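Trainee:
Number of protein chains: 4
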Amino acid sequence: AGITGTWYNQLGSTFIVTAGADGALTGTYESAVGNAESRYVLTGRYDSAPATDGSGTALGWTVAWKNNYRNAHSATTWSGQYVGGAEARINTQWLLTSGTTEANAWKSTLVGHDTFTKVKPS
Amino acid sequence: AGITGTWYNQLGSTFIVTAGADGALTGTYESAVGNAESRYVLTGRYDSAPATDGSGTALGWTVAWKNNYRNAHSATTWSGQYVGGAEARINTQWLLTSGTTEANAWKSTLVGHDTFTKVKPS
Amino acid sequence: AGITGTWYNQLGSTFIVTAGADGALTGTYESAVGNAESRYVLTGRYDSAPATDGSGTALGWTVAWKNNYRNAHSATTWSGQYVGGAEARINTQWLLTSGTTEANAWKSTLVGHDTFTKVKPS
Amino acid sequence: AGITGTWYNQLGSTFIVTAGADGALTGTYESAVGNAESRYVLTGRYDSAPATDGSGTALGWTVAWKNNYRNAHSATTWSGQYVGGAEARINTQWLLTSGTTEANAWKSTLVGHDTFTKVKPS
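Protein chains in written order, with the UniProt record's numbering: chain A, 39 to 160; chain B, 39 to 160; chain C, 39 to 160; chain D, 39 to 160.
#1: Taking only the alpha-carbon atoms, compute the straight-line gap between residue 123(B) and residue 92(B) and give it to the nearest angstrom.
#2: Does residue 75(B) come out as helix, strand or coil in the three-state DSSP assignment?
#3: Using a threshold of 8 Å, state whether the C-beta atoms of residue 118(A) and residue 97(A) are closer than that.
#4: Touch check for the segment 136-154 of chain A and the segment 40-57 of chain B: three-plus C-beta pairs under 8 Å?
#5: Taking beta-carbon pairs under 8 Å, can you tell me which members of the segment 99-133 of chain D lie near chain B?
#6: Could you check the C-alpha separation between residue 133(D) and residue 51(C) for me, to the nearest Å?
#7: In the DSSP assignment, what are the bridge partners of residue 109(C)?
#8: For residue 88(D), which residues in the same chain have their Cβ closer than 6 Å to its Cβ, ignoring the five residues on either side in sequence?
#9: Identify the continuous beta strand (DSSP E) that holds residue 43(B) and give its terminal residues.
#10: If I measure Cβ to Cβ from residue 139(D) and keep anything under 6 Å in the same chain, skipping five residues before and after, which residues do I get?
#11: Give me the Cα-Cα distance between residue 100(B) and residue 130(A), rounded to the nearest whole angstrom.
#12: According to DSSP, what are the bridge partners of residue 142(B)?
#13: Assuming contact is defined by CB atoms lying nearer than 8 Å, are residue 85(D) and residue 113(C) in contact in what I supplied?
#14: Does the separation of the CB atoms of residue 107(B) and residue 75(B) fall below 8 Å?
#15: When we look at the beta-carbon of residue 146(D) and count the other beta-carbons within 10 Å, is it buried (16 or more) or exposed?
#16: Would you mind reading off the limits of the beta strand (DSSP E) that contains residue 147(B)?
#17: Please state whether DSSP places residue 124(B) in a helix, a strand or coil.
#18: Per DSSP, what kind of secondary structure is residue 40(D) in: helix, strand or coil?
#19: Within 8 Å of any Cβ in chain C, is that where the Cβ of residue 82(D) sits?
#20: If the criterion is Cβ atoms closer than 8 Å, does the pair residue 65(D) and residue 126(D) meet it?
#21: I'd like the list of long-range same chain contacts for residue 135(D), defined as Cβ closer than 7 Å, with 5 residues on each side in sequence excluded.
#22: Could you check whether residue 116(A) and residue 110(A) sit closer than 8 Å to each other, using their CB atoms as the reference points?
#23: According to DSSP, simplified to helix, strand and coil, what is residue 87(D)?
#24: If the criterion is Cβ atoms closer than 8 Å, does the pair residue 55(D) and residue 83(C) meet it?
#25: CB-CB under 8 Å to residue 77(B), same chain, minus the five flanking residues each way: which ones, in chain order?
#26: Please confirm if residue 79(B) has its CB atom under 8 Å from at least one CB of chain D.
#27: With burial defined as no fewer than 16 other Cβ atoms inside 10 Å of the residue's Cβ, what is the status of residue 141(A): buried or exposed?
#28: Mind reading off the beta-carbon distance from residue 57(C) to residue 42(C)? Whole number of angstroms is fine, and I expect it under 8 Å.
#29: Which same chain residues end up closer than 8 Å to residue 61(C) when comparing Cβ atoms and leaving out the 5 residues on each side of it in sequence?
#30: Tell me the rounded alpha-carbon separation between residue 128(A) and residue 59(D).
#31: Between the alpha carbons of residue 150(B) and residue 150(C), how many angstroms are there, rounded?
#32: Examine chain B for any beta-carbon lying closer than 8 Å to the beta-carbon of residue 149(D), and answer yes or no.
#33: In angstroms with no decimal places, state the Cα-to-Cα distance between residue 72(C) and residue 160(C).
#34: How would you write the range of the beta strand (DSSP E) that residue 57(D) sits in, first residue to last?
#35: Can you tell me whether DSSP reads residue 136(B) as helix, strand or coil?
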């Protein structure tokens, strides 16, 4: 429970994630709101025995932007924490790297944040 | 091939990973050499068909810092690219997130970089 | 209008800043609203001829967390952009490096994000 | 106390910087080994009473990529620590932001690292 299920960020993006008993996160990422080729494999890990003091649950997952149809030659990883209950939400920061020449290494990695909630937004 | 194998970073951390045809990354991590008290589960994704024009192969992976010995209440994700050849390496940046309370949420995430080689460092 | 003035983020921090003619940012950052021993010097840079296509105004500044009464032995740099208009704001990502040692250098840099508006939260 | 002076990274970029006794950092950056058009104002802050326990000296500075010649509608912030001695060096992580539209704001900011030494490498 808790992590398992559908999450939406505040810009029309989805991922259905199942959380395993050991600490696994596997699922998909529907980069577009719906369509079977904006969909990408997702896998990750989470603190499957988190503090009880009212801290968040630490987690991260990875998606590589290749599927059956498309390749961005790149990948994103999210790192953050899960908060349950009233405003259940996943707070993250993310890195998105592209394969580059050595020459372009330096401009290879974008950084950002993102918040997913259990209820779609506007 | 290439990616599958054992990897070392400047600080003597190690990880043994398997790269699957799909795009799966599966192995373990160790943040303190010698001992298996720092053996944690790694799962990830990589670009199973990258752009042969000389660019790196994009990938990322996650490690939840909980195993059967200790629990850290935090996870790390690595974003980066793999390069093979005589100087084979994985160059990454990473986010380390600790579960916190609303209060310390601003102190939740560590950022860094990491270069992994097939050869143990001095 | 523009950048020059008073800004607020969600957590009760303010800075007052003057946007110099040729590209300077100078001012003070108060981490606690109405608290004297929490003012620190701010210095920065911004794009003084930003585009005319809707884009934001690139900017960044720095605070070394040392003043008259306190010294954290650390520093933050904010990088982001300014948007004027009805919903004026400065969207930022920040890095916070503390002085560490060789050994502990890995755990030296906090990463995050922040948004300042001309009009207080609640 | 030896922050002021000339600094190099491996991609043949320099900055010259003067560190006042008030926490100020003023200087020039020059992404080209030589070349007036490649010069940009630099301004920052550092910790002017750093601990003497073997920790680096925390600092950061900003550069807005507009000068008397060019405008890149962006700015970099570097955050990091000065390490003196004979292996003297400034270890940083940086954030590069361009002015984007709200639409492209997600790919606004690059991340990376950089090391500077008082001596040009390879």
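Note that CB positions come from ideal geometry on N, CA and C, so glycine has one too.
Mentor: Taking the coordinates as given:
#1: 11 Å
#2: coil
#3: yes
#4: no
#5: 131
#6: 22 Å
#7: 104(C)
#8: 95
#9: 43-47
#10: none
#11: 13 Å
#12: DSSP lists no partner for residue 142(B).
#13: yes
#14: yes
#15: buried
#16: 147-155
#17: coil
#18: coil
#19: yes
#20: no
#21: 112, 113, 146 and 147
#22: no
#23: coil
#24: no
#25: 66, 67, 68 and 105
#26: no
#27: exposed
#28: 4 Å
#29: 83, 84, 85 and 86
#30: 44 Å
#31: 13 Å
#32: yes
#33: 15 Å
#34: 52-57
#35: strand
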